[PDB]
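Notes follow once the structure below has been shown.
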Amino acid sequence: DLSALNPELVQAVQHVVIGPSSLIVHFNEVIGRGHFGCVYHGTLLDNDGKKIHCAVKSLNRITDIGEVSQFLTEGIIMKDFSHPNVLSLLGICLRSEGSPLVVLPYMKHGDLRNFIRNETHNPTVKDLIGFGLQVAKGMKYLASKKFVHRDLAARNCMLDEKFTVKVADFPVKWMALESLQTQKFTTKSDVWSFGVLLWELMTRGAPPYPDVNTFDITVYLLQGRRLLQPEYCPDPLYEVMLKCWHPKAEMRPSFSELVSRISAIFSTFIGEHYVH
Amino acid sequence: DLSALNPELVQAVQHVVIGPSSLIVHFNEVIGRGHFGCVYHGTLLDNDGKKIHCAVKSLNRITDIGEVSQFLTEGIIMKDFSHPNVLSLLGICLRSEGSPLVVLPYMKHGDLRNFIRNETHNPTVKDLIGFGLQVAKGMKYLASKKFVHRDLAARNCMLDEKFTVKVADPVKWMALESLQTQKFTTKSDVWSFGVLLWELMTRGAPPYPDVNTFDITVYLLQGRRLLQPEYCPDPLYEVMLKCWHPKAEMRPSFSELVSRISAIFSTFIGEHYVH
Ligand SMILES: COc1cc2nccc(Oc3ccc(-c4cnc(Cc5ccccc5)n(C)c4=O)cc3F)c2cc1OC
Ligand SMILES: COc1cc2nccc(Oc3ccc(-c4cnc(Cc5ccccc5)n(C)c4=O)cc3F)c2cc1OC
């Protein structure tokens, strides 16, 4: 269905909606085939007149008004976000035929997890601390706007041509302890997941807790067990991680703290293959 | 936490928000305990300043910008609804020093399930079918608005002073395709409605008492449905069975259910609760 939604909500959404006659979607050029879904090359004609290469995702799941309306306000929220470490939303596209589209700036190097995993790239310790730093900044911003990411992981972080990490939103082994029992998600719950993301970065994309089942994780963490220090991770950076994995959310560091702390560490390091 | 939300959204929500200077909540006067959590007696002054007796629920979970924003958009949807068989929303209240409040018209006889389980009440077969017909009418309207309910059940239906049923807002009610795809449609609602009809005719007996919550999926796959209630007419049990057709599109629409149940209901005499 097109737009049989509440007039005031539709009015609120217009600045996020892209006119389809200003978008081309190349459904024959697929960007990635993974947990991302179906992502295609797009070309967006912006109001000033700049033709922009972009990524377009089709949202195959939406149907009822409730879903679309949920989706639209989610669009409004992300549109208001402005930060070099947070992925921008260019807009959403509502169509009479087919499910809605999400339009995003093109990220040359794809998601951070794939980038660090493949042998062709040789990021140093500093590069990986750097990437982790940028995520912390991204999350430091999001936290300020009192937004809870809820799904932080290296796969959900993007990397542009200038090697700027862009946190995107798009998982029991990434969740805080209390998220697994009380279903509570907070800014501090995101801090836990950031910890796991750091582990991912310093392992160059190893799967976390490889020898435990998804259901056994809860008791595992309650045995006081934690992720083991990655081969690239320096002693002071591993201490940071462990703080992010404290069972009492309040004990865990804020994202503002992690930024200045990780930044301190980052500066002790030299030798970089991917800058900025 | 103040409106640190999007200004354009706040503009759209304005017609649903209640100024707290026009609301008194009696936090000592609890209306219902359990399932609906903590509901309180309230008094609202409408646009024109009339006192309206209401029920007020506190939303203890809603905290971050995303949650509040969703809550607001859902309020915008509910507020637009206008049908005698759907619980209307009087408004929402965003407190600076407390979690948000939902404000609803006071329903004398509480939820439909609690009302029928009570042995003090004596609803006839015609009475139970009549209630089923009203849910159907509400769900018909909801369907016409392309709105999927997702949690249709007797416990989610309210009953006012004039004995009007008001549809308001879980695996044993879930459709076969819902339990394996996480997919909800109005056809999925039709299923839950069938289970609701079963609830009415059994006067609020718990469905599938012997099969465990996890075992339900294989049970319906095997082919077993709920047995015919002791005091359920045959043409109505037939209806339920149609509502439980494994092929989603083969199930009837709420519009047809209104027509059919209306006929079945019209063939009966004897009501202790007249709508
Ligand atoms: C060359 O390699 C790649 C380049 C890419 N370049 C840009 C974007 C890419 O992927 C995406 C990253 C994030 C999203 C995405 C973001 N935000 C939301 C929330 C949301 C909700 C409601 C309204 C609006 C937004 N969703 C639901 C999303 O799906 C979609 C994407 F396609 C790329 C992927 C690539 O390889 C896999
Ligand atoms: C005399 O006895 C009773 C009288 C009652 N009289 C009116 C309402 C009652 O219960 C409720 C019925 C429904 C709701 C309710 C409705 N719709 C939504 C969606 C929603 C989402 C987002 C924004 C706005 C709305 N929610 C989240 C709700 O909680 C809350 C209630 F408290 C009563 C309960 C009674 O005893 C059990």
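Letters go in sequence order (proteins before strands), and every chain restarts at 1. Computed from heavy atoms alone, side chains included, the values below leave out hydrogens, waters and symmetry copies.
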Quick one: does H121(B)'s side chain have a donor or acceptor within less than 3.5 Å of a partner on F115(B)'s backbone? yes
Keeping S193(A) on the side-chain end and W174(A) on the backbone end, is there a donor-acceptor pair under 3.5 Å? yes
Side chain of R95(A), backbone of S99(A): donor and acceptor closer than 3.5 Å? yes
Can you tell me if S259(B) uses its side chain to pair, donor with acceptor, with the backbone of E256(B) under 3.5 Å? no
Side-chain donor/acceptor pairs under 3.5 Å, residues 154-166 of chain B, sequence neighbours excluded:
from, atom 1, to, atom 2, distance (Å)
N156(B), OD1, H35(B), NE2, 3.0
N156(B), ND2, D151(B), O, 2.4
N156(B), ND2, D151(B), OD2, 2.8
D160(B), OD1, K162(B), N, 2.9
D160(B), OD1, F163(B), N, 3.0
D160(B), OD1, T164(B), N, 2.8
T164(B), OG1, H275(B), NE2, 3.1
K166(B), NZ, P84(B), O, 2.6

Of all the heavy-atom pairs spanning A143(A) and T187(A), show the shortest one and how long it is. CB-OG1, 3.7 Å
Does the side chain of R252(A) reach to within under 4.5 Å of the side chain of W192(A), using non-hydrogen atoms? yes
Starting at CG of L176(B), measure out to NE2 of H245(B) and round the result to the nearest 0.5 Å. 11.5 Å
State, to 0.1 Å, how close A175(B) and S188(B) come at their nearest heavy-atom pair, and which atoms those are. CB-OG, 3.6 Å
May I ask you to test the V135(B)-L196(B) pair for a side-chain heavy-atom distance under 4.5 Å? yes
Measure from the side-chain N and O atoms of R226(A) to the backbone N and O of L242(A), and report whether any donor-acceptor pair falls under 3.5 Å. no
Please tell me whether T73(B) and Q70(A) have a donor and an acceptor in their side chains that are separated by less than 3.5 angstrom. no
Show me the side-chain donor-acceptor pairs of residues 233-240 of chain B shorter than 3.5 Å, one per line, residues at least two apart or across chains.
from, atom 1, to, atom 2, distance (Å)
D234(B), OD1, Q228(B), NE2, 2.8
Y237(B), OH, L226(B), O, 2.6
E238(B), OE2, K242(B), NZ, 2.5

Distance, nearest 0.5 Å, that separates CG of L257(B) from NZ of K137(B): 13.0 Å
Give the minimum heavy-atom separation between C243(B) and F193(B), together with the two atoms involved. SG-CD2, 4.3 Å
Spacing of CG belonging to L89(B) relative to CG belonging to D169(B), to within rounding of 0.5 Å: 11.5 Å
To the nearest 0.5 Å, what is the distance between CE on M175(A) and CG on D190(A)? 11.0 Å
What pairs with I77(A) under side-chain contact (heavy atoms from CB on, under 4.5 Å), at least two apart in sequence or on another chain? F81(A), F147(A), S69(B)
Using side-chain heavy atoms (C-beta onward) and a distance below 4.5 Å, is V39(B) in contact with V30(B)? no
Please report the interatomic distance OG1(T124(B)) to OH(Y273(B)), rounded to the nearest 0.5 Å. 9.5 Å
Could you go through the side chain to side chain contact (heavy atoms under 4.5 Å, CB included) check for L133(B) and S262(B) one step at a time? CA-CA 7 Å; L133(B) 172 61; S262(B) 191; 4.0 Å; yes
Return yes if a side-chain donor-acceptor contact under 3.5 Å exists between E67(B) and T63(B), otherwise no. yes
Strictly distance-based, threshold 3.5 Å: is any side-chain N or O of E200(A) a donor or acceptor partner for the main-chain N or O of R113(A)? no
Heavy atoms, side chains only, cut-off 4.5 Å: are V195(B) and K172(B) in contact? no
For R117(B), is there any backbone N or O sitting under 3.5 Å from a side-chain donor or acceptor partner on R203(B)? no
Are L87(B) and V167(B) side-chain neighbours, meaning at least one heavy-atom pair lies under 4.5 Å? no
Taking the side chain as every heavy atom from C-beta outward, state whether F255(A) and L142(A) have any atom pair closer than 4.5 Å. no
Exceeds 12 heavy-atom contacts within 6.0 angstrom, atom NZ of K146(A): no
Please say whether more than 12 non-hydrogen atoms of neighbouring residues, nucleotides or ligands are located less than 6.0 Å from CG in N122(B). yes
Give the minimum heavy-atom separation between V191(A) and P253(A), together with the two atoms involved. CG1-O, 3.2 Å
Which residues satisfy the side-chain contact (heavy atoms from CB on, under 4.5 Å) test with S255(B), sequence neighbours excluded? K140(B), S253(B)
Is the backbone N or O of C38(A) less than 3.5 Å from a side-chain atom of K57(A), with the two atoms forming a donor-acceptor pair by type? no
Should the ring pair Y141(B) and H83(B) be called parallel, tilted or perpendicular, given that the plane angle runs from 0 to 90° and is split at 30 and 60? tilted
With sequence neighbours left out, write down each residue that passes side-chain contact (heavy atoms from CB on, under 4.5 Å) with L90(B), or none if nothing qualifies. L44(B), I52(B), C54(B), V103(B), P105(B)
Residues 208-223 of chain B, side-chain donor-acceptor partners within the protein, below 3.5 Å, at least two apart:
from, atom 1, to, atom 2, distance (Å)
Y219(B), OH, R224(B), NE, 3.3
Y219(B), OH, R224(B), NH2, 2.9

Is there a side chain to side chain contact (heavy atoms under 4.5 Å, CB included) between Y231(B) and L128(B) once you walk through the steps? CA-CA 10 Å; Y231(B) 301 105; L128(B) 298 162; over 6 Å; no
For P208(A) and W199(A) the tightest heavy-atom approach is CA-CZ3, 3.5 Å
Using 0.5 Å steps for rounding, measure from the CD1 atom of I76(B) to the CD1 atom of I92(B). 7.5 Å
Run through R150(B), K145(B), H149(B) and flag the one making a side chain to side chain donor-acceptor pair (under 3.5 Å) with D64(A). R150(B)
Closest heavy-atom contact between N6(A) and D80(B)? OD1-OD2, 2.8 Å
Without swapping roles, check the side chain of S58(B) against the backbone of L101(B) for a donor-acceptor pair under 3.5 Å. no
Would you say the side chain of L5(A) lies within less than 4.5 Å of the side chain of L72(A), judging by non-hydrogen atoms? yes
Would you check if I65(A) and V68(A) make a side-chain contact, meaning some heavy-atom pair closer than 4.5 Å? no
